[PDB]
Amino acid sequence: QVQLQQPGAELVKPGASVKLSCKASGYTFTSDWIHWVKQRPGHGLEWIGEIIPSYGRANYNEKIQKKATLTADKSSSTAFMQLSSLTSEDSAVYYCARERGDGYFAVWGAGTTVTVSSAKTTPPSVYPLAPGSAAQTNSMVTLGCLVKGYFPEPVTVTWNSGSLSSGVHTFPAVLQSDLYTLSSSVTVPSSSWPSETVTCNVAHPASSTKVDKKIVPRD
Amino acid sequence: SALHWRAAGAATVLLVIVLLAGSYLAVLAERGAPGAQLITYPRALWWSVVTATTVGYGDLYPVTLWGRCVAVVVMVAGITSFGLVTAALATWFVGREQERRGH
Amino acid sequence: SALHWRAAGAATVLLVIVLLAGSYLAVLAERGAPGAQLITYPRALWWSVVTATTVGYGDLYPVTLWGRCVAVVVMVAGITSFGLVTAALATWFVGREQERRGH
Amino acid sequence: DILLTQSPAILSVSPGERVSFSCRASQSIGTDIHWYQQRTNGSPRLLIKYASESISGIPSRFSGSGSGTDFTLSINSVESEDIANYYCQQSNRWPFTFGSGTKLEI
Amino acid sequence: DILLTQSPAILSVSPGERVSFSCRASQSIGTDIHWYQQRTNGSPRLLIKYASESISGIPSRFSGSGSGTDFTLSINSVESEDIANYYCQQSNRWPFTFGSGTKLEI
């Protein structure tokens, strides 16, 4: 049972603010601290702050600007972090994590990708990639699907809703005209296709959109 | 049960509650003070006892107002307790020397 | 009010005056000693209590003659006080065990 | 605020070989260091707590060692799944701090 | 006698940008550092006490941070009125000492 549950994404207009949630399941104690940890792209982990939901006291990183304000709902088992008056500096993944007051972060959320821009949200467009007719197959066959013209980050791409993990590359997005674009690749034995089915599931948290696409041979 | 013995018992119970509450609150006071070390429950608990006993190694100690205010209560609990046991033992002994003289 | 209880009360009042006067004078003794840390009133106050209680973390302590002379008075006040309360409790208990035997 | 230093930033080792990651504290923190794994697009994962103690879940291939200011995460016989970013984290003084991190690379 | 070291001596920043002044103690002084502003021909002015605590009067633009030996005065979004000489000052050991100072320059 996933203990810390966090939104995939929040888009925020520069100057605006945002409340990040963190609902906690599993054993809670009075003792427990919820922590928030900021990770900008290609940089590492930064400690923002902590709160003890039982007595409601919070503390924050003095060493950085104090954007944040922390709160909990004792009843709904949730911690909130209120990041206010953002700029692109504040564009990061924000993890929440549970510490039993003994010093280590035993468990983390999946984090929330917070993107500070003026651009509109755009669900992605998903398109198969089945080989060309004049392509000779080996013992393996590479299929893919192309996830383009979406904003903001991120998307999650899986194959047969997760049952296909072995043989899967997802490429890092590139950005071009305030829109992201990436491919994912799957490699199943040449026999097991298309006799067995292969479907690419593409979730875009910031638009609340998931889509399937089957990779059938070219007609 | 004779009173002196009750009050010692009461003070041993009450000392343990003070050692636990003390550990909890010391951590709650001390987090947010940069350089504070009295910031995890388990060693807080050790700190509370080394404090109530007046042993006071100084491996750990509070550096904030409320830490210190919590520390001052743990000490007093400690000393009162470890002096009500004495007062109780003194009254047990006095009683037994009264019987050994016929009174 | 019975005497033992007065003298404890008196000693609690008198201990507080010693803790305050002690804080003031410790700072007044310790400023001018290079490396002395017992040189601001608020933490002096904390020092005085960790001293009278015999807890004695050593986060702070005096390094000058008059600091030490002030420290020795705070200790003695501390110990006398926390032993007059005991003596008072011992006399309360002894009294109550005398009644519980008919005397 | 305690400063955690992870040199080197990149560590190139060969399949099945022993690897060690260094984490140096700006001042003695006892054994109040904790190591996390972060794979690409993953959240951090506790490997070792209080410098040496195993987490159940974690391969026996992972050990920690160290006291005071010098700490060391080791993998006896690295394999591909070990490819990730390693961070150390102290609990000795408020506020908790993190290492800048080190990339394992086969 | 504790030695306060303010590097760099001059700090060139651009209007509205974030600036940080460093003050290093020759030995742990806890949080017993205090920061003062001195404009040209002015007397010193307390900005921050005990490393981090605000003085009422002082813009919210000013923060401090640090413990032990490393201390930091920061201005989120500098403006012209910020042009002055910054000094740190310790109260941890007798006698109180001062930083050599740092000039903010836009």
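As recorded in the entry header, the structure was determined using X-ray crystallography to a resolution of 2.85 Å.

Draft legend 1. Seen up close, the sheet that holds strand β1 (residues 4-5) of chain D. Residue and element names in this part refer to chain D. The strand order β1-β3-β8-β7 describes an open sheet built from four strands, whose pairing is antiparallel. Two strands bound the open sheet, and with one partner strand each, they are β1 and β7 (62-67). Here β7 pairs with strand β8 (residues 70-75) via six bridges, running antiparallel. Paired with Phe62 across the bridge in β8 is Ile75.

Draft legend 2. Up close: the sheet that holds strand β1 (residues 4-5) of chain E. As summarised here, the arrangement of the four strands in space is β1-β3-β8-β7 (chain E), forming an open sheet in which the pairing is antiparallel. Of all the strands in the sheet, just β1 and β7 (62-67) of chain E have a single pairing partner and so form its edges.

Draft legend 3. Structural detail: the pattern of salt bridges. Evaluated as defined, the whole model comprises 21 salt bridges over all chains. A:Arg100 is paired through a salt bridge with A:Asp32; the nearest N and O atoms lie 2.5 Å apart. Remark: A:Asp32 occurs in the loop between β3 (18-24) and β4 (33-39) and A:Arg100 occurs in the loop between β9 (92-99) and β10 (107-108); sequence separation between them is 68 residues. Taken together, the shared-partner salt bridges in this structure form one network comprising B:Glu99, C:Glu97, C:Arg100 and C:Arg101.

Draft legend 4. Seen up close, the interface of chain A and chain D. Listed by partner, the interface residues are 21 residues for chain A and 17 residues for chain D. Those elements giving two or more residues to the side of chain A that touches chain D turn out to be β4, β5 (46-51), β6 (58-60) and β9 of chain A. The greatest single-element share of the side of chain A that touches chain D, amounting to three residues, is contributed by β4(A). Along the lines of polarity and charge, the residues of the side of chain A that touches chain D split into ten nonpolar, seven polar and four charged.

Draft legend 5. Just the nonpolar core, in detail. Of all hydrophobic cores here, the largest spans 43 residues; its most connected members are A:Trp108, D:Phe21, D:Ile33, D:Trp35, D:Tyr86 and D:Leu104. Ranked by the residues each element gives to this core, the list is headed by strand β3 (residues 19-25) of chain D, at four residues. Residues contacting D:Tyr86, with those up to four places away along its chain left out, are D:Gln6, D:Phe21, D:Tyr36, D:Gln37, D:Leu47, D:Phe62, D:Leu73, D:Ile75, D:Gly101, D:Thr102 and D:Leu104. Grouped together as the second largest cluster of nonpolar side chains are 38 residues, B:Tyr41, B:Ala44, C:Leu15 and C:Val70 included.

Draft legend 6. Quick look at the packing of aromatic side chains. For the structure on display, the rule yields 27 aromatic pairs over all chains. Here the aromatic rings of A:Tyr104 and D:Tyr50 are separated by 5.6 Å at their centres, their planes lie at 80 degrees, and the arrangement is edge-to-face. Linking A:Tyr104 in the loop between β9 and β10 with D:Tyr50 in the loop between β5 (45-49) and β6 (53-54), this pair reaches from one chain into another. The class for D:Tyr50 is partly exposed, based on a relative accessible area of 21%. A ring pair is formed by C:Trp92 and C:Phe93, whose centres lie 5.0 Å apart and whose planes are at 35 degrees; its orientation type is tilted. Ring pairs connect the aromatic residues A:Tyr95, A:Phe105, A:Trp108, D:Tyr36, D:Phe96 and D:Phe98, which therefore count as one cluster. Lying across the ring of A:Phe80, A:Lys19 places its NZ or CZ 5.2 Å from the centre. The ring centre of A:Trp33 lies 4.6 Å from the NZ or CZ of B:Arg31, which sits over that ring.

Draft legend 7. Region of the structure containing the arrangement of the chains. Take the eight pairs of chains in contact: the one carrying the most contacts is chains B and C. One finds no contact between chain A and chain C; the C-alpha atoms of the two approach each other to within 23 Å at their closest. As for chain D relative to chain C, no contact occurs, and the smallest C-alpha gap between them is 16 Å.

Thresholds applied
- Each chain has its residues counted from 1 in the order its sequence is written, and this count may differ from the entry's own numbering; any residue lacking coordinates is left out.
- For this description, chains carry letters from A and ligands carry numbers from 1, given in the order in which they are written.
- Remember that the shown chains come from a larger assembly, so read each value as a statement about the shown part.
- Side-chain measures here rest on the full set of heavy atoms in the structure, leaving out hydrogens and waters.
- Residues with missing side-chain atoms are left out of burial classes, side-chain pairs and their counts.
- Paired strands, in this sense, are two strands between which DSSP finds at least two bridges.
- What counts as a helix is a DSSP run of H or I of at least four residues, what counts as a strand is a run of E of at least two, and both are numbered from the N terminus.
- What makes a salt bridge here is a side-chain nitrogen of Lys or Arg within 4 Å of a carboxyl oxygen of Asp or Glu, nothing more.
- Residues are treated as being in contact if the distance between any of their heavy atoms lies within 4.5 Å.
- Here the term charged refers only to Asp, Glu, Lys and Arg, the term nonpolar to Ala, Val, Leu, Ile, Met, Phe, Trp, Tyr, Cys and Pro, and the term polar to all other amino acids, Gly among them.
- Take the buried residues of types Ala, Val, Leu, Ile, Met, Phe, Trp, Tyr and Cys, join any two whose side-chain atoms come within 4.5 Å, and each joined set is a nonpolar core.
- Only protein chains enter the accessibility calculation, which uses a 1.4 Å probe; a residue whose area is less than 20% of its type maximum is buried, one above 50% is exposed, and one in between is partly exposed.
- Only rings of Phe, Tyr and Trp enter the pairing, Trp through its six-membered ring, and a pair is recorded when the two centres are within 6.5 Å. The plane angle decides the type: under 30 degrees is stacked, over 60 is edge-to-face, the rest tilted.
- Our definition puts a charge over a ring when NZ of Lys or CZ of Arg is within 6 Å of the ring centre and also within 35 degrees of the ring normal.

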